[PDB]
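Only one chain is given next, in structure tokens, and it is the form deposited in one PDB entry.
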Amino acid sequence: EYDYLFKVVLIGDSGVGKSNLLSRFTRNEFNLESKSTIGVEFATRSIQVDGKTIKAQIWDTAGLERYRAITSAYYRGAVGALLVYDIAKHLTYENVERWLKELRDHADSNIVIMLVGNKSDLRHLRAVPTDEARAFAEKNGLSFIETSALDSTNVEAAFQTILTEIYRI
């Protein structure tokens, strides 16, 4: 049983770790060898927010730039978007504005957007300074968090935060 069902979509460049964020949050599982997502899938998890039972319905698909038959239906009814980049790949961060534009074109203008810097475990390979991205999110009215699906850091916090914002909106 649940009080509210919130559809949240994962978006961001291929390879940034969307599918592993999904698997970590909903199954407590991670795969170092995960391959590009072929179709569209979702998984659920219920959490408590302000005394109420929130069933999170988290959607996932490959972060392809091309037009896709699935795009409109993918964002349809979504109340939150986790916009993910790879902290160790600067290009995926450069492409954040492109994902913001996809949201304007295909999703509700009222959608809650959280910027997620994934792979924070890759300390030695970092290309995007935390302070830089933090500043960017603030300038653009987005919530921000850095995660590691690999070691679990901030994964729970990330989903908790976005779902709580959605609930209180």
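Numbering starts at 1 and follows the sequence shown. Heads up, when I say rigid core I mean the largest set of C-alphas that superpose within 1.5 Å between the two forms.
Asker: Among other entries of this protein with both neighbours modelled, does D121 go without coordinates in a third or more of them?
Answerer: Missing in at least a third of the others, so yes.
Asker: So, looking at the entry's B-factor column for Cα atoms, which has the higher mean, 50-58 or 66-74?
Answerer: Per the deposited B-factors, the answer is 50-58.
Asker: Highest Cα B-factor in the deposition, which of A127, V116, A43, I38?
Answerer: Most elevated C-alpha B-factor of the set, per the entry: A127.
Just so it is clear, the following notes concern the form deposited in another entry, a form of the same protein that is not shown.
Asker: Just one of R134, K52, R27, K101 has a C-alpha that shifts by 2 Å or more between this form and the one not shown on a rigid core fit; which is it?
Answerer: Among the listed residues, the outlier is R27.
Asker: Using a superposition on the rigid core, decide whether the Cα position of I113 changes by 2 angstroms or more between this form and the one not shown.
Answerer: False for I113: its C-alpha shift is below 2 Å.
Asker: Is it true that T37 shifts between this form and the one not shown by 2 Å or more at the Cα, once the core is aligned?
Answerer: Yes, its C-alpha moves 2 Å or more.
Asker: Would you say whether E156 is displaced between this form and the one not shown, judging by a C-alpha shift of 2 Å or more on the superposed rigid core?
Answerer: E156: C-alpha displaced by less than 2 Å between this form and the one not shown.
Asker: Given a CA distance change of at least 3 Å, are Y93 and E29 closer or farther in that other deposited form?
Answerer: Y93 and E29 sit farther apart in that other deposited form.
Asker: Check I113 against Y67 at the C-alpha atoms and report closer or farther in that other deposited form, compared with the shown form; the change is 3 Å or more.
Answerer: Pair moves farther apart in that other deposited form.
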